[PDB]
Amino acid sequence: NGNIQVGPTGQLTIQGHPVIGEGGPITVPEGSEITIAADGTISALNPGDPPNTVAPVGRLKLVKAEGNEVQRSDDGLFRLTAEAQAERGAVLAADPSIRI
Amino acid sequence: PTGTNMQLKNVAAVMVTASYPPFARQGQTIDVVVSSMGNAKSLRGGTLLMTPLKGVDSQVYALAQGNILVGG
Amino acid sequence: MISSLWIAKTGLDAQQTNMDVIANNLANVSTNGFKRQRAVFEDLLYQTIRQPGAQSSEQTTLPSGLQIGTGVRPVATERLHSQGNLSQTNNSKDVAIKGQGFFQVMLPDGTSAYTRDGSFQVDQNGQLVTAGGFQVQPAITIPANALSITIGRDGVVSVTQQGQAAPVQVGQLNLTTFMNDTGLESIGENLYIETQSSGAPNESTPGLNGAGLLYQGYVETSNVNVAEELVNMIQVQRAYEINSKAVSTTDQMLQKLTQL
Amino acid sequence: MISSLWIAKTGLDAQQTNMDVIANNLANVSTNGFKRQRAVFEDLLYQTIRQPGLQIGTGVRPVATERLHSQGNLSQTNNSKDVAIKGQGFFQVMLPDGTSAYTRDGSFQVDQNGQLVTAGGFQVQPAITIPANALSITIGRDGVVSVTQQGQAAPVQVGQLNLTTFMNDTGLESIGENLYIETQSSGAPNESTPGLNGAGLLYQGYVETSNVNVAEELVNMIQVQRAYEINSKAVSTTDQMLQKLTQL
Amino acid sequence: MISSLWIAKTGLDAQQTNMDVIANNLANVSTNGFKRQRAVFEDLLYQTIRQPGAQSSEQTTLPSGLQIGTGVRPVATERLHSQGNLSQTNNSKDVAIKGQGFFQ
Amino acid sequence: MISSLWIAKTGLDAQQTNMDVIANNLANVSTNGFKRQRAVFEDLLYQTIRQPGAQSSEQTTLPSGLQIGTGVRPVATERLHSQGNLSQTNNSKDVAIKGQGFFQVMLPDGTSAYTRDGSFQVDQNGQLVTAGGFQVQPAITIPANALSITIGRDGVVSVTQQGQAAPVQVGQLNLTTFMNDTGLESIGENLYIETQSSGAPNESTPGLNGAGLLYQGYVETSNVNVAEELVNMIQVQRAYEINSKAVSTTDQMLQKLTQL
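Residue numbers (PDB author numbering), protein chains in the order written: chain AD, 102 to 201; chain p, 74 to 145; chain 5, 1 to 260; chain 0, 1 to 52, 65 to 260; chain ZB, 1 to 104; chain 6, 1 to 260.
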C-alpha cells in the first residue's frame, strides 16, 4: 500500500503504521509538500519558500523479497518466514536496485 | 562569493546567556545557556563555536565554546 | 466538470474581451482627444502535481517536472498616450495640445476632473466650458462685447474689445501633468480622474518643464490606427474559432464517456 | 479487480493531461513572452512472468512538461516603455514578499513615484527611477535607460537593465502571473549586462509574443480526441468481458 | 497566433509608416526651409531552427541552415538635409542660406 | 497516433515554413541590401518492410519492396545573393555595391559583422557609422568643417576643405568577400556574422580580386520579385488545404474505426 498520509506532527504513516526509513521511522517537517523519488528519496518543500530550498529529509526503506520468503501475519502485514529469517536476518537489508 | 546560494542544514544561529559571578577572575569557567533564534528544529548534539559574551556595556567578559547538552 | 472545458472557456472570455476592446477603440474614431486602449493577458496559476527540482533519485533531480496550467485572464487595459494627429477646424475656441498636458474641469459635485479634448464653448454667463457644460479651470471669464479671443502658445487668453488697440487679458490656461498618465480612471465623457496609481496633479504653464503647447483653431483627433484594428479583428476571430473548436472537441470526448 | 480497467484508465488520464496542456497553450496565445508546454509520457512499471520471459505492462503516466524556450516573434506597441529580448535572458522583478522572480513579458509602466514596474505592479530590478519632467525615455540595446529633459541637450543616465541568465532555462518554476522563480534544476542566476556573456539584446518599442504554434495544437487535439475514444472503447470491452464472467 | 500573420502585420505597419512619411512630405511642399524625411528599415529577429554552419557530422558541415526570419522594423526616419531651390521674394527681411548653417 | 496523421503533420508545418519564408521576403521589400530566401525540402524516413533486392524463389530477386516513407523536413533556407536594382537618392553618404563585396562593421562587443546596406551616417565625433549606430571599419573619420564628401568607386574617401582646392584623402573603404556568401549567419539589422561554412573574411579594395565597385548616391534595393511571391502564395495555400484534407480523411477513418 503506497497511500502514504502525513500527520499534523509531520510523521509518515501507512494505515496508522509509521513508515520506516534509513534513520528509522520517517518524520517529515510539519506542513510541507513531499516528493518521493524513484529511489524513495523524500524531498520536503516549505510553502511560500522559493523552490531553491527543496532539501531531502530521508529515504524510504525499500526491500526485495519473493513470495517464498514472506508469510502473512494476522494484521495484514507480511513478515519473513523462519527459514528466510535465518537466511537473510531478522531485519532485511534495503536493495538499491528497487525502483519506486 | 557575495552572490551565491548557501542552504545549510547543520548550522543554527543561537543566543548564549550566562551569569558573571561575584569576584570572577580571568581563566575561570562558568555555565552558559544556548537558545535557538530562528526556525531551527533541534540542537541535540551541536557544538557552540567561539562566542564572545558581552555585558551591558557591550564589552567582552567571557568567551564561550563547548558541547551542548539537550535533555532528550 | 472537466478541466479542459474551463481552460477553453477562459480563453473564449479573454478573446471576447479583446474583441470588446477593439470595438470600443473603433467606435471612438471621431472622438477628439481619445486614446486607444490595448489589453494585456496573463496565464492563471499552475497545478503543481510533481514539484520540479525534486530528487528524481538519490543522486539525480527531476528536470522541469509535471506542471498543468489553467486558462488565461486579462491583467489590464493600458492606454496609448501619444499625440493624436491635429486638425484645423478654424474656430477661435477650439484648443489642441501638442505635448503631454491636460485641461482641468470641475464636475457639478465639486471635484476636479481632467480632459484632453479642447472643444470649448461659452455659457450664458461668459465662462469657458466644455461640450458637456463643465466649467474649465482656471475659470476664464469672457466678457459680453468680445470681438476676438486669442489663446497663445503659453496659455494666455486675451480679448480684444472695440476701439482699444491693446488686448485685455481675462485668464491663464494651465495644464496638469501626472507622473503616471495611464493610471487615470476614465469616467467616460472624455474625462479622467486622479487615482493613487496616477501620482498627483502637477499644475504647470503650457510651454514650461513639460506641459504641451496650446494651439488655437486645432483639435486633437483620436490616435486609433484602423488597419491595425482590422488585422487584430482577423486575429481575434481566428482565435475565437480555435477556442470554440477546443470546447467542441471536449464536448465530443465527454460524449463517449457518457456512452461507455 | 485484476484486469485492464486500470491500464485503460491510466491511458485516458494521459490523454486528459495532454488535452489540458494543449488548452493551456491555446488560451495563452495572446500573452506576451509565453513559452508553449509539451507533456512527456513514459510508461509505468512492468510485471514479469517467469517460465518453467514475458512482461505485461501497466499503463502510461505523465512525467514532466517541458517549456520550449525559443525566441518568439516581436510585435509593435509604439510604447516607449516596452522592451523585448533578442536572445536568451530574463528580466528580474521583485515580488512584494521579497523574493525575486524572473519574467520575459516586456510590457512595463512607470508607477506613481517614478519606478519601472511590470503590468502587475511589481517593481523591476535593477530599480529605475524615472524623473517626473521626462520628455522621452530611451532604452538602449545594452540596457542603458537614458532620460531626456527639456532644456538640457544631453540625455541623463538613470539605470541599467540587467538580464538574468540561467544555464537551464526549462527548470524554472512557473509561479503563475508570467513569472518564474529559480529552482534547484535552474540554479545560479547569472546577472549580466545585455549583450555580453551570452545575454540577449533589447529592442525598445517591441514586445515578445507567445511561442505557441497553432497547427501542432489542432492536430494534437485531433489525436487526443481519437486516442481518448480508443481508450474508452477498451474500457467498454473490459466491462463487457467482466459482465460475461460474473453471469456464470 | 501564426508567425506568418505577425510577419505580415509588421510589414503592414512598415508600409503604413512609408505612406505616412510620403504624405507628410507632400503636405509640406510650399513651406520654406523644409527637409523631407526618409524611413530606413532593417531585418527583425531570425529564428535559428537549424544553425547555419552546424557540425552535422565529424566531416560534413551543414551550409546555410534553417534561418526562419520574423518581420521588418523601421530603423529610423532621417531628414535629408540638402539645399533647396532659392526663390526671390524681393523683400529686405528675407534671407536664405547657401551652405549648411543654421539660424539661432 | 496514426502514421498518415504524422506524415500530414510534417506537410502542414513545412508548407507553413514556406509561408514564413514568403512573408519574410515580403516584409523586407523596402529594405535596402536585402536578399530573398528560398527553402529546400527533403524526404523523411522510409520504413524498410520488404527489402528491395532480397532473393525470393532462390534465383529471382524482389524489385522495389515496401519502402513506406514518413513525411517531409526542410533541409535549409538559402539566400539568393544576386545584384539588386540600384536606386538613386542623390546623397553623399549612400554607397551602393555593384559586385560581390561586403562592408565590415565592428560590433561594440568586440567582434565584427558584415553588412551590404550602404546608408551611412556621421556620429558626433565624425566617424562613419551605420544607421544603427555601429562604427564601420577600417574607420573613416570625417573632419569637422567638411564641405563635400566624395567616395570614389575605388573606395577612397576625400573631403573638400575651405581654402584648399585639392581634396584630402581621409580613409579607404574596403570590401570583404567570402568563399561562400550563403553561409553567413544573419543576425538582423542587415548584419551577417561569419560562420565556419562561409570560410574566412577576405579583405579587398573595390575593383580587384572580385570585390565590386562602389557607387555614391545609390542604394542597393532588395531583389525580392513580388509576382513570384504571389504565385507562391497561391501554391502555399493550395498545398496546405490539400494536406488539411488528408488530415480530415485520416480523422474520418479513425472515427469510424472507433465507433464501429
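Idealized CB from N, CA, C, for every residue including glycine.
Is the beta carbon of residue j closer than 8 Å to that of residue i?
i: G53 (chain ZB); j: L62 (chain ZB); result: yes
i: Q112 (chain AD); j: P130 (chain AD); result: no
i: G183 (chain 0); j: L45 (chain 5); result: no
i: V105 (chain p); j: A86 (chain p); result: no
i: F102 (chain 5); j: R79 (chain 5); result: no
i: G126 (chain 6); j: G71 (chain 6); result: no
i: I140 (chain 6); j: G110 (chain 6); result: no
i: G217 (chain 0); j: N90 (chain 0); result: yes
i: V224 (chain 0); j: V40 (chain 0); result: no
i: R153 (chain 6); j: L191 (chain 6); result: no
i: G119 (chain p); j: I141 (chain p); result: yes
i: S57 (chain 5); j: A139 (chain AD); result: yes
i: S222 (chain 5); j: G133 (chain 5); result: no
i: residue 263 (chain 5); j: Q124 (chain 0); result: What is shown of chain 5 runs 1 to 260, which leaves residue 263 (chain 5) out entirely.
i: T154 (chain AD); j: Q80 (chain p); result: yes
i: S82 (chain 0); j: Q47 (chain ZB); result: yes
i: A27 (chain 6); j: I7 (chain ZB); result: yes
i: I105 (chain AD); j: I121 (chain AD); result: no
i: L173 (chain 5); j: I151 (chain 5); result: yes
i: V89 (chain p); j: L122 (chain p); result: no
Rank the options by C-alpha distance to the C-alpha of residue i and give the top, closest one.
i: residue 273 (chain 5); options: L260 (chain 5), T249 (chain 5), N232 (chain 5), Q259 (chain 5); result: Since the first and last residues shown for chain 5 are 1 and 260, residue 273 (chain 5) lies out of range.
i: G163 (chain 0); options: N190 (chain 5), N209 (chain 5), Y114 (chain 5), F120 (chain 5); result: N209 (chain 5)
i: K93 (chain 0); options: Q121 (chain 0), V40 (chain 0), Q104 (chain 0); result: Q121 (chain 0)
i: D13 (chain ZB); options: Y218 (chain 5), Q216 (chain 5), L230 (chain 5), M179 (chain 5); result: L230 (chain 5)
i: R38 (chain 5); options: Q59 (chain 5), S4 (chain 5), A76 (chain 5); result: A76 (chain 5)
i: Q172 (chain AD); options: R160 (chain AD), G159 (chain AD), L161 (chain AD), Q186 (chain AD); result: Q186 (chain AD)
i: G141 (chain AD); options: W6 (chain 5), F34 (chain 5), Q55 (chain 5); result: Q55 (chain 5)
i: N243 (chain 0); options: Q135 (chain 0), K9 (chain 0), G118 (chain 0); result: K9 (chain 0)
i: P108 (chain 5); options: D251 (chain 5), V129 (chain 5), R36 (chain 5); result: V129 (chain 5)
i: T176 (chain 0); options: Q161 (chain 0), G155 (chain 0), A166 (chain 0); result: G155 (chain 0)
i: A191 (chain AD); options: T110 (chain AD), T128 (chain AD), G108 (chain AD), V164 (chain AD); result: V164 (chain AD)
i: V158 (chain AD); options: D196 (chain AD), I143 (chain AD), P148 (chain AD); result: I143 (chain AD)
Looking only at DSSP bridge pairs, what is residue i linked to?
i: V122 (chain 5); result: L128 (chain 5)
i: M19 (chain ZB); result: DSSP, once it has assigned bridges, lists no residue as partnering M19 (chain ZB).
i: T160 (chain 6); result: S148 (chain 6)
i: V40 (chain 6); result: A76 (chain 6)
i: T115 (chain 5); result: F103 (chain 5)
i: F179 (chain AD); result: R173 (chain AD)
i: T177 (chain 0); result: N202 (chain 0)
i: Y218 (chain 5); result: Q88 (chain 5)
i: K245 (chain 0); result: Answer is none; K245 (chain 0) lacks a bridge partner.
i: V226 (chain 6); result: BP columns for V226 (chain 6) are empty, so no partner.
i: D94 (chain 5); result: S119 (chain 5)
i: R160 (chain AD); result: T142 (chain AD)
Since residue i meets chain A, which of its residues come closer than 7 Å, beta carbon to beta carbon?
i: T249 (chain 5); result: Absent from the structure: chain A. Protein chains present are AD, p, 5, 0, ZB and 6.
Can you pull out the residues from the region 101 to 123 of chain p whose beta carbon lies closer than 9 Å to at least one beta carbon of chain 0?
none
If you measure beta-carbon to beta-carbon, which residues of the region 86 to 100 of chain 0 are closer than 8 Å to chain ZB?
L86, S87, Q88, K98
Could you tell me whether the region 189 to 202 of chain 0 touches the region 247 to 258 of chain 5, where touching means 3 or more Cβ pairs closer than 8 Å?
no
Taking only beta carbons into account, state which residues of the region 155 to 167 of chain AD come closer than 7 Å to chain 0, listed in chain order.
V155
Count Cβ pairs between the region 82 to 97 of chain 6 and the region 228 to 245 of chain 6 that sit closer than 8 Å; are there 3 or more?
no
Quick one, which residues of the region 117 to 148 of chain AD are near chain 5 if we go by CB-CB under 7 Å, in chain order?
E134, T136, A138, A139, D140, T142, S144, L146
Residues of the region 176 to 187 of chain 6 in Cβ contact with chain ZB at a cutoff of 7 Å, in chain order, please.
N180, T182, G183, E185, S186, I187
Closer than 7 Å between beta carbons: that is the criterion. Which residues of the region 127 to 157 of chain 0 meet it against chain ZB?
none
Chain-ordered residues of the region 56 to 79 of chain ZB with a beta carbon less than 7 Å from chain 0
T70
Chain 0 contacts made by the region 34 to 53 of chain 5, where a contact means CB separation under 9 Å:
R38, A39, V40, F41, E42, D43, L44, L45, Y46, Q47, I49, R50, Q51, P52, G53
Looking at chain 0, which residues of the region 8 to 24 of chain 5 have a Cβ within less than 8 Å of any of its Cβ atoms?
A8, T10, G11, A14, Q15, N18
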